[PDB]
Structure formats: structure tokens, C-alpha cells
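Engineer: First the structure, then my questions, so here it is.
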2 protein chains.
Amino acid sequence: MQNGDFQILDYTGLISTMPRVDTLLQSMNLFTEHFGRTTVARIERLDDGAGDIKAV
Amino acid sequence: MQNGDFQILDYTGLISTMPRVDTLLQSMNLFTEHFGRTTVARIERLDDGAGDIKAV
């Protein structure tokens, strides 16, 4: 590596830094992946239960 | 050994001591070594990150 016009110098190394990227949620694997075709999706719900019987 | 000029003495060997020499820091092998040619050294640093992609 070149120093001033009439002098030289020795290059040593490179230092690099980058912010951390988190992957905890990815690791936990709580999300299921679906590969569709369109840009619209449907979800179906069906809720059921029961009541109480009165004397007659 | 003789004493004065006509008597004798018993010799009890040598006694020697030396001061401390601490190598705890050196032993850990923390530092690295680089050998070059000139008297002036350069270093280079590179910083990189990421961006917050939005929806369009």
C-alpha cells in the first residue's frame, strides 16, 4: 500500500461489523407455512355447544 | 577453603534467588502476531447494515 509520494507502508487487515439479526421466533417453529396461488384466502369456523334442560 | 593464611573453613554451598516473572496474561494466548516490512501500518474497517422494507 502506498504512503506519501516517496514512502510506502504495510497493509494489515480488514475489520467488518454488522448489526445482529434475531431468529428466536423462527427457531421456535410456531408458524405453519402455506403456499397458495391467489391473493385471497378463506377461513371456515364452526362453533357448537349445548344448553340446559328445565323440569316440566 | 583456607582461613586467613594458616587455618581452614567449611564451605556450605551457594544460595541464589531471582525475582518474579509474571506470564499470566501471555499464557492466555489472547494476542495475535503480524510481521511486515515498513514502519507505518494501516487498518481498514467496513460497516454494513440492513433496511426496513415497507409494503407497496
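Letters A, B, ... go to the chains of the C-alpha cells in the order shown; residues in each chain start at 1; ligands are counted from 1 in the same order.
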Per residue of chain A within 8 Å of chain B, record the nearest atom pair and its distance in Å to one decimal, counting only C-alpha atoms, with rows in chain order and ascending residue number, as a Markdown table.
Structural biologist:
```
| residue | atom | partner | partner_atom | distance |
| --- | --- | --- | --- | --- |
| A:8 | CA | B:38 | CA | 7.2 |
| A:9 | CA | B:40 | CA | 5.2 |
| A:10 | CA | B:41 | CA | 5.1 |
| A:11 | CA | B:42 | CA | 5.2 |
| A:12 | CA | B:43 | CA | 5.8 |
| A:13 | CA | B:43 | CA | 5.8 |
| A:14 | CA | B:44 | CA | 4.8 |
| A:15 | CA | B:45 | CA | 4.4 |
| A:16 | CA | B:46 | CA | 4.6 |
| A:17 | CA | B:47 | CA | 5.1 |
| A:18 | CA | B:48 | CA | 5.2 |
| A:19 | CA | B:49 | CA | 6.1 |
```
Engineer: Superimpose chain B on chain A so that the squared distances between all in-order C-alpha pairs are minimised, and send the result as a CSV table (one decimal) with C-alpha atoms, in the first residue's frame.
Structural biologist:
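Contents of the output file selection15.csv:
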```
chain,number,residue,atom,x,y,z
B,1,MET,CA,1.7,-1.2,0.2
B,2,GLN,CA,3.6,1.8,-1.2
B,3,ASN,CA,3.3,5.3,0.3
B,4,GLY,CA,3.1,8.3,-1.9
B,5,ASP,CA,5.3,7.2,-4.7
B,6,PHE,CA,8.6,6.1,-3.1
B,7,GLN,CA,8.0,4.8,0.5
B,8,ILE,CA,6.2,1.8,2.0
B,9,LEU,CA,3.6,1.1,4.6
B,10,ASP,CA,2.6,-1.8,6.9
B,11,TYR,CA,-0.9,-3.2,6.3
B,12,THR,CA,-2.8,-4.4,9.4
B,13,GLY,CA,-5.7,-6.3,7.8
B,14,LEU,CA,-9.4,-5.5,7.5
B,15,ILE,CA,-12.0,-4.6,10.1
B,16,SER,CA,-15.7,-5.1,9.4
B,17,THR,CA,-18.9,-4.9,11.4
B,18,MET,CA,-22.6,-5.7,10.8
B,19,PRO,CA,-25.8,-4.6,12.6
B,20,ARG,CA,-28.1,-6.8,14.7
B,21,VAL,CA,-30.5,-9.3,13.2
B,22,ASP,CA,-33.1,-10.6,15.8
B,23,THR,CA,-34.7,-14.0,15.3
B,24,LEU,CA,-36.1,-14.7,18.8
B,25,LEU,CA,-39.7,-14.6,17.6
B,26,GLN,CA,-39.0,-16.6,14.5
B,27,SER,CA,-37.0,-19.2,16.4
B,28,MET,CA,-40.0,-20.2,18.6
B,29,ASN,CA,-41.7,-21.6,15.5
B,30,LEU,CA,-45.0,-20.1,16.6
B,31,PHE,CA,-46.4,-19.4,13.1
B,32,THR,CA,-47.6,-21.9,10.4
B,33,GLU,CA,-47.4,-21.6,6.6
B,34,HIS,CA,-49.9,-22.1,3.9
B,35,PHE,CA,-49.3,-21.8,0.2
B,36,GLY,CA,-52.1,-21.2,-2.2
B,37,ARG,CA,-52.9,-19.9,-5.7
B,38,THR,CA,-55.0,-16.7,-5.6
B,39,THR,CA,-54.7,-13.3,-4.0
B,40,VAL,CA,-57.9,-13.5,-1.9
B,41,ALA,CA,-58.2,-16.0,1.0
B,42,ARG,CA,-61.2,-17.1,3.0
B,43,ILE,CA,-61.6,-18.6,6.5
B,44,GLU,CA,-64.6,-20.5,8.0
B,45,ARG,CA,-65.6,-20.7,11.7
B,46,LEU,CA,-68.1,-23.1,13.4
B,47,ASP,CA,-69.5,-22.6,16.9
B,48,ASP,CA,-71.2,-25.4,18.8
B,49,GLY,CA,-72.4,-25.8,22.3
B,50,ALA,CA,-74.8,-27.8,24.5
B,51,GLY,CA,-78.2,-27.7,26.2
B,52,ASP,CA,-79.6,-28.0,29.7
B,53,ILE,CA,-81.8,-31.1,29.6
B,54,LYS,CA,-84.7,-30.9,32.0
B,55,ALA,CA,-86.8,-33.7,33.5
B,56,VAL,CA,-90.2,-34.8,32.2
```
Engineer: Taking the backbone alone, and naming residues the way the document does, which bits of chain A are alpha helix (DSSP H) by DSSP, as number ranges by chain?
Structural biologist: A: 24-28
Engineer: Where in chain A does DSSP assign strand (DSSP E), given as number ranges by chain?
Structural biologist: A: 10-17
